[PDB]
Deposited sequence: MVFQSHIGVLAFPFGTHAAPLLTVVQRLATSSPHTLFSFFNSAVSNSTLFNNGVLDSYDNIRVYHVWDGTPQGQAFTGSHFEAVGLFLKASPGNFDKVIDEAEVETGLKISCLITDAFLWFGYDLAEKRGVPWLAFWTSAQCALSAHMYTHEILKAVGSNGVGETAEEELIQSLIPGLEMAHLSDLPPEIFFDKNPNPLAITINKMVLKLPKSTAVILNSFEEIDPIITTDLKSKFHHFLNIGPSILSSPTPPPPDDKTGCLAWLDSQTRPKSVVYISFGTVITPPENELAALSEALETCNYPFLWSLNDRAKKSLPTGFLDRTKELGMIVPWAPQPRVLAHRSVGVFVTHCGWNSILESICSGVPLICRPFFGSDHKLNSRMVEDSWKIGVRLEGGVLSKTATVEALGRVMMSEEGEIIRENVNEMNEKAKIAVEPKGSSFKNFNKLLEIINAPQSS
């Protein structure tokens, strides 16, 4: 017998849908008189959907992704999806209400889906926005109007941000998400993100898979901008997953064979980016030179293009796989450092295991800002000389993290940040309390 019905609208691209589903599952676990309907593309849903994931109170729906009836590009697909919005979702929300017999009482959406505000307003329900990155990235976007008003789109560098954005004084204009400055015939995603900024102050709550204590001053600032600003993470600590009885990748058996704690260099650039094959070569040379053991998530093509005899010579030193069980890898006692593209989920996984970072961010999104925070605010890792994996830059970064006095300070900082994350999700912790507040908002008087 359900009393409340929460509609949840995902953004079906990048690493957006999974973190939102995780929050839905956490809320569903605690909300047995509340029904949750999750709306996403059929293609995304087929990647996301065992005993702990079969909820009596979660229904899954597909919405039209806007493609004709993929042959075109990821870029193309995102534009068609946004062109079909919000009518694609509106039609399916009706179906969920008819099938369940319960009108929606609340709408949670990815924060990118600005039109969640319009759908919630039309239905006379609260809109809750789930931001899929850290507070620092959200703050950068929220100051878009003030940034553009101060310096325009086309002295400002290292003066404006330190005067304007609480807690981002260490960031440069060139660290900020580039979509802030894309206002000439903006692409559909830039349009969507700038409409998000305009709507978010009319959210009933903004929800983050972060913890307040990673950036107290930014958190306090954003609490002043939003009705409710609710850091509820890290989800991976609040809500662990039982260890799978096996690991078909071989990674964990290989890490178990390592004889030195904190010795292994784990390398991943995410699900999409591959560095250019001359940068992969430079990294391969640094690994052979430094003789740290390594575990590298790299696609089989890129691997086949590494330098002649590198794979044969390093057979007994490193393991290269097309996919790693990354959270399980980072939790392994043998891992000493993570060479990352500075995606938020990767950084947060690293914090949650006390693994320091070597940062190689690529263009777009919040990766460059995250790299700045890692080196100059959080102080849980280092960036590279020239922002590339040159052999000299890579040997230098590995030395700074693995065998310097600066390295010992970085490891105390990442251990302290791990402790703050754990405290946040335990009873009386900031994230624990914020998640109870979120339950009060969604489940209403009861």
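- Missing from the model, by position in the deposited sequence, are residues 1, 51-52, 73-75, 161-164, 457-458.
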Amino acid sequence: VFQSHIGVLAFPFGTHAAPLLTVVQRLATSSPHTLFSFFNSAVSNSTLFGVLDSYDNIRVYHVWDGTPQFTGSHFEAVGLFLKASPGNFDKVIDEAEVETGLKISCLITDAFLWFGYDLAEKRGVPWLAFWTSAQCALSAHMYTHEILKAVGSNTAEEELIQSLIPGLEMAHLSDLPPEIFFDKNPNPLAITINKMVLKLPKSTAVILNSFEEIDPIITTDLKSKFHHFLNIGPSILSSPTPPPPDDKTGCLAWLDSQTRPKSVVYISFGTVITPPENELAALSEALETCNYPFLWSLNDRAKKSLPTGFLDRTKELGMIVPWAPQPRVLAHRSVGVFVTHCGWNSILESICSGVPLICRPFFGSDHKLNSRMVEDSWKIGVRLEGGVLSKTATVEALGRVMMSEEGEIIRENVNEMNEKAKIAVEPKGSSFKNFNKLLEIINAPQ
From here on, numbers count along this sequence of modelled residues.
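- The stretch 270-278 shows the higher mean C-alpha B-factor when 337-345 is compared against 270-278 in the entry.
- The stretch with the higher mean CA B factor, choosing between 374-382 and 403-411, is 403-411.
- Within the group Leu138, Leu107, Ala331, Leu173, the record's highest C-alpha temperature factor is found at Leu173.
- You'll see in the entry that, of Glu212, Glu95, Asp247, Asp221, the Cα B factor peaks at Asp247.
- Per the deposited record, the Cα B-factor of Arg26 falls in the lowest third when ranked against the other modelled residues of its chain.
- Sorting the modelled residues of the chain by their CA temperature factor places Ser203 in the lowest third.
- The deposited CA B-factor of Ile6 belongs to the lowest third of values across its chain.
- Ranked within its chain, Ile441 lands in the middle third, by CA B factor from the PDB record.
- The entry lists a Cα temperature factor for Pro427 that places it in the middle third of the chain's modelled residues.
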